[PDB]
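The structure appears right after this line, and notes come after that.
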Amino acid sequence: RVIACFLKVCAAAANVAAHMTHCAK
Ligand SMILES: [Zn+2]
């Protein structure tokens, strides 16, 4: 969902599964 991501480039990477690494719980 990359919705919880409160970043720009991070959330704007179209890679939730990839972003989840640096944006997990
Ligand atoms: Zn993120």
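Chain identifiers are assigned as A, B, and so on, following the order in which chains appear in the structure tokens; residues are numbered from 1 within each chain, and ligands are numbered from 1 in order of appearance.
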
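Within the 12 Å cut-off around residue 25 in chain A, using only C-alpha atoms and omitting residues fewer than 3 positions from it on the same chain, the listed residues are residues 4, 5, 19, 20, 21 and 22 of chain A.
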
Selection file, N, CA and C atoms, as a PDB file, in the first residue's frame:
```
ATOM      1  N   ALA A   4       1.412   4.265   4.479  1.00  0.00           N
ATOM      2  CA  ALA A   4       1.967   4.669   5.764  1.00  0.00           C
ATOM      3  C   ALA A   4       3.253   5.470   5.579  1.00  0.00           C
ATOM      4  N   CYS A   5       3.939   5.230   4.465  1.00  0.00           N
ATOM      5  CA  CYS A   5       5.184   5.929   4.166  1.00  0.00           C
ATOM      6  C   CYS A   5       4.978   7.441   4.184  1.00  0.00           C
ATOM      7  N   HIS A  19      10.158  -1.038  -0.294  1.00  0.00           N
ATOM      8  CA  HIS A  19      10.219   0.056   0.668  1.00  0.00           C
ATOM      9  C   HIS A  19       9.972  -0.454   2.088  1.00  0.00           C
ATOM     10  N   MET A  20       9.103  -1.452   2.207  1.00  0.00           N
ATOM     11  CA  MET A  20       8.763  -2.033   3.505  1.00  0.00           C
ATOM     12  C   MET A  20      10.010  -2.317   4.345  1.00  0.00           C
ATOM     13  N   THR A  21      11.130  -2.571   3.676  1.00  0.00           N
ATOM     14  CA  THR A  21      12.383  -2.863   4.368  1.00  0.00           C
ATOM     15  C   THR A  21      12.790  -1.714   5.290  1.00  0.00           C
ATOM     16  N   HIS A  22      12.735  -0.492   4.771  1.00  0.00           N
ATOM     17  CA  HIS A  22      13.103   0.686   5.543  1.00  0.00           C
ATOM     18  C   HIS A  22      11.874   1.432   6.044  1.00  0.00           C
TER      19      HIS A  22
END
```

Quiz prompt | Test item, helix (DSSP H, G or I) assignment across chain A, answer as a VMD selection string | solution = chain A and resid 11 to 13 16 to 22
